[PDB]
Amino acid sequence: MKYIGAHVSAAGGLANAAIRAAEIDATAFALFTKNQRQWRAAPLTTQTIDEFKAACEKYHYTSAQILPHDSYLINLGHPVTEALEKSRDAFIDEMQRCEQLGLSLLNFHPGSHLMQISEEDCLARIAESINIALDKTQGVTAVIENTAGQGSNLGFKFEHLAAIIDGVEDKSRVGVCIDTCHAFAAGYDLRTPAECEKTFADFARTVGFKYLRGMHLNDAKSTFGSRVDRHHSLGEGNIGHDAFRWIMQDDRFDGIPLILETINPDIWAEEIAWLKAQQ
């Protein structure tokens, strides 16, 4: 079975995210456990935690269906030692809030060399940041998102994801989330079923589906190989609808959160139903 949802708002409380997901009839959801544009946040209160867990129980969201996302400020491959340490600290905190919330997946972005260190070195830093985090927590898998390759951001080649995973000690708790907009922006074509085949055979060869732990289902406002990260609603961007029907019909994408991060939340319920109906 497929779990199909959106990144919903956690304004006014994490439980609100589960409630908003149920309102759009999602069978999966993503959320930020704290604001993603700020370094600090108050510790989770027992009430926040219990309210969240109660909401997930009420609406039948198990941890296998929820894909929290970390902060935009964390750079796990930072070339500067103090900034790298702050990010590593922030990332452990994020993993710990997952532990507290009963969440078992944490989606994050690889990291960026800021043209101060080599790609090789940066990828190894990221792999080490992940080892550090897995060392201080239990039961939460580090899910690496592919990227569009904007600026000095790594993760735009599947080989990057493979190289980070090769550096992770406990491979039982690392995985990947593929974002279709980002893949398309990085040069992986999805505009026809045949191109989808090609792109996911490449993924299979380089990373392998055993590490696939989530998807972000985004059309692209940016163009093919542009290396620009700009989402669009399904069917309205440069990828088009065929890729999404193709993914819904392929059983390799079952049992993982499939998350819309499309740009018009007013149509997520309709995007979710359209995806469901493509199966």
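When you see a residue number, it is the position in the sequence shown, counting from 1.
Comparing the deposited coordinates for 176 to 184 and 106 to 114, the stretch with the larger average C-alpha B-factor is 106 to 114. Comparing 66 to 74 with 37 to 45, the stretch with the higher mean C-alpha B-factor in the PDB entry is 37 to 45. In this entry, the residue among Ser152, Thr199, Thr206, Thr192 with the greatest C-alpha B factor is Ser152. Out of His216, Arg213, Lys58, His231, the entry records its largest CA B-factor for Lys58. Residue-level temperature factors show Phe156 in the middle third of its chain, judged at the C-alpha atom. In the PDB entry, a CA B factor belonging to the lowest third of its chain's modelled residues is recorded for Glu261.
Placement of the Cα temperature factor of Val8 within the chain: middle third of the modelled residues, per the deposited record. In the deposited entry, the Cα temperature factor of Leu134 sits in the middle third of values across the chain's modelled residues. Split the chain's modelled residues into thirds by C-alpha temperature factor. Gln100 is in the highest one.
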